[PDB]
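These protein sequences, in sequence, are chains A and B. Numbering (the UniProt record's numbering) for the first sequence: 364 to 509, 518 to 620. No gaps in the numbering here: position 24 of the second sequence is 358 in the UniProt record's numbering, and each next residue is one more. Presented below is the structure to which this report refers.
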Amino acid sequence: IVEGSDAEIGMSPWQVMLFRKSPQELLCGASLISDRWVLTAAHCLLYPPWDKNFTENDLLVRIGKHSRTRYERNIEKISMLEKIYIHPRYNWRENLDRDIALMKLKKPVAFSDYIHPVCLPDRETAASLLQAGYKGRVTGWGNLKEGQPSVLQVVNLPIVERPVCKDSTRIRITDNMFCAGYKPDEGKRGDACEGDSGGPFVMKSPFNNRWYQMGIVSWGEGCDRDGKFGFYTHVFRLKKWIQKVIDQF
Amino acid sequence: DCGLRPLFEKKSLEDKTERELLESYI
Ligand SMILES: *C[C@@](*)(O)[C@H](CCCNC(N)=[NH2+])NC(=O)[C@@H]1CCCN1C(=O)[C@H](N)Cc1ccccc1
Ligand code: NA
Numbered sequence: 364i365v366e367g368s369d370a371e372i373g374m375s376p377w378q379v380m381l382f383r384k385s386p387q388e389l390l391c392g393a394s395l396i397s398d399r400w401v402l403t404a405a406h407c408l409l410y411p412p413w414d415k416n417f418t419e420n421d422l423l424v425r426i427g428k429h430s431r432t433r434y435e436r437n438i439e440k441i442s443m444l445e446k447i448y449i450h451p452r453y454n455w456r457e458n459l460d461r462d463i464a465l466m467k468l469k470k471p472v473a474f475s476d477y478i479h480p481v482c483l484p485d486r487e488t489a490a491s492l493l494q495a496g497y498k499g500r501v502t503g504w505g506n507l508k509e518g519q520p521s522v523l524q525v526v527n528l529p530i531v532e533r534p535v536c537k538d539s540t541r542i543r544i545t546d547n548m549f550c551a552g553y554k555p556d557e558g559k560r561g562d563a564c565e566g567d568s569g570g571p572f573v574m575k576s577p578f579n580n581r582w583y584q585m586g587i588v589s590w591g592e593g594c595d596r597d598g599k600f601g602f603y604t605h606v607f608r609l610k611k612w613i614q615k616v617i618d619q620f
Numbered sequence: 335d336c337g338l339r340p341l342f343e344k345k346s347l348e349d350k351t352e353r354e355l356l357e358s359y360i
C-alpha cells in the first residue's frame, strides 16, 4: 500500500496473510469470508510467467495478525490449507481476467475480536455501492513504494469510471475487473502495490452498517502513478463461481 | 456473522476514516 495509513487494531479483522511455508515468506494478502474459507487472487497461487504454481501443502495462512515482527500469541492464528480452488477461466496469459481463488482451511478458525469474516456483496448491495466516486477501502502488507510496513496499511480510494480505467492502460480490461484511485486533479493519492494482491477492497453498507468486499487487489502498472489506477477483481461479478465451490457435493 | 467488527460496530464506534467512505456516498 502506497500512501496509506496504519490500521487501527481490529479495524480489518477479515484480513489474511498468505505465506510460503518453506521457507517462511509473505506472498500475498487474502480475506476471511467464513470460518473455513479464505478468498484471494488467483495469481497469488498460479502464475507461470513468474514460475509460480503452488499447492496447498506449500503454503499456510495467518489471521488476526497485527505485527509482522512480533507474535500476538493468543491473538493471531495460523491455519493450513486443505484445498486451493482457482477460477476455471482465470486468464494469466493476457489480462489476469478472473483473478480469483478460494482456499479451504484444514480446520475452522475461531472468530474473535481480532478475527471475523467480511460479507460478500448481494445483488442489490453491489448495484448500489458500485458507483464511480464512491470510496472503498484497500488494506495490505505489500510494498510501500514502486519498503515494507510493520503495521497493516490501509487506503480509502474512489471507484473510477470504466472508460477512464480503459483509457488509462493498454492492458485489455474486462467486466470482471474495476479500477479505483484518485485522478491527478483530485489532490490525494494512494494505491495498492506489489505484495497486496489478494487483499480486500471493501465498502461499508449504509443500509446495514456491515462491511462488504467488492474487489480483490489484482494488478496495476507501477504504483500510485498519476494517470494510472489500481485494478481489482470484481467480486460480485464472480459470485456464482464462489458459491459453486463453496456449496458443492 | 460477517461485516461487523467487535471493537467497532459491535461497540457502536467508528474507526477514524470510515466517515470518509460514507461521505463519498454523499
Ligand atoms: C500479485 C499482486 O500482488 C499484484 C498487485 C499489483 C497492484 N498494482 C497497483 N499499483 N495497484 N499483481 C501483479 O503484480 C500482477 C500479476 C502479474 C503481473 N501483474 C501486474 O500488476 C503487472 N504490473 C501488469 C499486468 C501484467 C499481466 C497481466 C495483468 C497486469
Ligand atoms: Na494514480
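For every residue, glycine included, the Cβ atom is placed at its ideal position computed from N, Cα and C.
- Scanning A:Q519, A:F474, A:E435 and A:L465 for the CA closest to the CA of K446 (chain A) turns up A:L465.
- Separation of the CB atoms of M585 (chain A) and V606 (chain A) is rounded to 6 angstroms, and the pair is thereby assigned contact status at 8 angstroms.
- For the options A:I396, A:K470, A:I438 and A:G561, the alpha carbon positioned closest to that of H479 (chain A) is the one of A:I396.
- If you compare the alpha carbons of A:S442, A:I438 and A:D538 with that of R383 (chain A), the shortest gap goes to A:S442.
- For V522 (chain A), the secondary structure class from DSSP, reduced to helix, strand or coil, is coil.
- With 16 or more other Cβ atoms inside 10 Å of its own Cβ, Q524 (chain A) counts as buried.
- With respect to chain B, the C-beta atom of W400 (chain A) has no partner C-beta closer than 8 angstroms.
- Annotation: the continuous beta strand (DSSP E) that includes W590 (chain A) extends over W582 to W590.
- A distance below 8 angstroms separates the beta carbons of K575 (chain A) and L355 (chain B).
- By the neighbour-count criterion, in which 16 or more other beta carbons inside 10 Å mark a residue as buried, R541 (chain A) falls on the exposed side.
- In the structure shown, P555 (chain A) falls within a helical segment according to DSSP collapsed to helix, strand and coil.
- Judged by DSSP secondary structure, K440 (chain A) falls within the beta strand (DSSP E) whose first and last residues are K440 to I449.
- Residues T502 of the same chain have their beta carbon placed closer than 6 angstroms to that of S375 (chain A), with the five preceding and five following residues left out of the count.
- When distances are taken from the beta-carbon of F600 (chain A) to the heavy atoms of ligand 2, the shortest one is below 7 angstroms.
- For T604 (chain A), the uninterrupted beta strand (DSSP E) segment begins and ends at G601 to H605.
- Residues of chain B with a Cβ closer than 8 angstroms to the Cβ of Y583 (chain A) are, in chain order, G337.
- Comparing alpha carbon positions, the residue from A:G552, A:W377, A:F600 and A:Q619 closest to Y477 (chain A) is A:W377.
- If you check the C-beta of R596 (chain A) against ligand 2, you find a heavy atom less than 7 angstroms away.
- With a cutoff of 7 angstroms, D562 (chain A) counts as near ligand 2, since its C-beta is closer than that to a heavy atom of the ligand.
- The beta strand (DSSP E) runs of length 3 or more contained entirely in the region 464-496 of chain A are, from start to end of the chain, 464-468.
- In terms of beta-carbon proximity, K575 (chain A) lines the interface with chain B, with at least one pair separated by less than 8 angstroms.
- Taking 8 angstroms as the CB threshold, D618 (chain A) stays off the interface with chain B.
- Around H479 (chain A), the beta-carbon contacts reaching into chain B at under 9 angstroms are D335, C336, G337, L338, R339 and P340.
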